[PDB]
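We begin with a single chain expressed as structure tokens, specifically the form deposited in one PDB entry.
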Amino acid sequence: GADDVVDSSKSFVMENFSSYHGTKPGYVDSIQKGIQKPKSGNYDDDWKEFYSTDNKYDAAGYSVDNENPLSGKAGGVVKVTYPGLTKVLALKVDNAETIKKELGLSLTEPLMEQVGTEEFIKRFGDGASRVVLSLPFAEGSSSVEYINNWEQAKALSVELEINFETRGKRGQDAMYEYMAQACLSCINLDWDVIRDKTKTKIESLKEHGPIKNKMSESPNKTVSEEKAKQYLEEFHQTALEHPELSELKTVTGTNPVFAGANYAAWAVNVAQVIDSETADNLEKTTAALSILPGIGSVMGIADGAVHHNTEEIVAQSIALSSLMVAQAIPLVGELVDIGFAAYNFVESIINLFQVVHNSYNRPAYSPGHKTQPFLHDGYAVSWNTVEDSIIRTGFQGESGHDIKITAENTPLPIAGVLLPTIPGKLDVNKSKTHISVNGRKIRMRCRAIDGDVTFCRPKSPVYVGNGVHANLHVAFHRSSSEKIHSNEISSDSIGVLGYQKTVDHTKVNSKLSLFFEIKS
């Protein structure tokens, strides 16, 4: 029925309904004369339309130069307003055939065509001058996408929200500073400060005796990739000794992702894929750099956290990466000017920083929460469904909870599982708790540890891998209707235990965590 394709709760009517539209450079002024369909030349006749959104910051992402989409200039965002009263109709599905059939409309005329006809709107407009469809912007987003009938969009009034090119910043800085307003702490850095600090640090580092000497030491010739990495590793060790890098050094030691070997491999990789034509063009540089592994070493991003979180540390890491890439270019080839390290290398990587910082500033589930997998030591585990991750409380009775388990290649063991328990309010049903391995149901033997943890081991050995997967089913029983209190529990996760290894001279199992939420 129509409620299968339309959400009446999120449908509504508004007077002067406004929304936002990202606009490419060169059209920021011309679009403000009026919304008009572009010239001929698509993918779905039913979906011809003019697109807008409720989120001006999402709209800013569609404003970059189409001929240089990765690195080009952003135009701006305009606000577009319908005069009068508009019915926004929220959809539950984006399939034109389903929407057409379930709304009793003609299946022979494009959906978006009919949305714009006087019939359809006297019928669905609830007294509105026009009808605009709505859809969920995307998975992981709360924004709203608006689909406007072109003709009806002629009625739109258009004005400026922001012109990114009037700010006169370098690269895409204005666009990303704007998007950062869409609101782990937060990374909201000043990139003019970072760029100036980076140039300053590069010039200043290059005038140190030890670094100058290291520079001389270079083969300054094409040499094998392992020799190049060894020299670059040495260079990194030298430069990090200097005080303009002191903060970097301190973050460097807290994580192997940040070690000199990883900077060396990144710098060698960069020099290997940047030829003279690419070095001269920001877009081509960005496309090349953007497909390399290892950028988290330069970015100080590991374990879900952005560790290079101040303008000072970021400028230090970019400065150091720049001079390492300058050192690596003559060790891989002869035909590329090392000016790339100071110019488009810095310009491009600054752009990549802003993309990734932008991702980490958006709400997202951590590994092991809801349906995001926990990936670790070659395993993948995850809650089968979102409800599995909720442990309901305040009632007598049972619940069951499914956890998917597998591994990437060779067979890896599952040693057991650490579960929460609370006498009366949350006991493990050890009859109904089991692990199914390619459909072989394996029962468990469990013992209590302290008072709030039950540890269960399979009664036959469990292995998972390419082609062998498992379902861990956890059954809890509740003899009391008393609500669980958030300190009767000492962890917020179920701990699946993988293979045994030695961490700092102690034998422990690989830990695979599924985070739960107690509710109700």
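So that there is no doubt, residue numbering starts at 1 and follows the sequence shown.
A chain break between residue 41 and residue 42 is present, corresponding to 1 to 3 residues of the deposited sequence without coordinates. According to the entry, the stretch of the deposited sequence that connects residue 183 to residue 184 contains 10 or more residues lacking coordinates, which leaves a long gap in the model. Here the stretch with the larger average CA B-factor, out of 458-466 and 487-495, is 487-495. Averaged over CA atoms, B-factors in the entry run higher in 221-229 than in the other of 263-271 and 221-229.
Take 174, 326, 107, 194 and read off each C-alpha B-factor from the entry; 107 has the highest. As recorded in the PDB entry, 113 shows the highest C-alpha B-factor of the residues 283, 113, 408, 303. Sort the chain's modelled residues by C-alpha temperature factor and residue 364 lands in the middle third, per the entry. Sort the modelled residues of the chain by CA B factor and residue 420 lands in the lowest third. Ranked against the other modelled residues of its chain, the C-alpha B-factor of residue 478 as given in the entry falls in the middle third. When the CA B factors of the chain's modelled residues are split into thirds, the value for residue 333 lands in the middle one.
In this PDB entry, residue 443 carries a Cα temperature factor that places it within the lowest third of its chain's modelled residues.
Heads up, the form deposited in another entry isn't pictured, but that's what we're talking about next.
Within the set 338, 426, 167, 370, 370 is the hinge position, where C-alpha fit passes from one rigid part to the other between this form and the one not shown. Compared with the form shown here, the Cα atoms of residue 270 and residue 335 move at least 3 Å closer together in that other deposited form. In that other deposited form, the CA atoms of residue 257 and residue 405 sit closer together than in the displayed form, by at least 3 angstroms.
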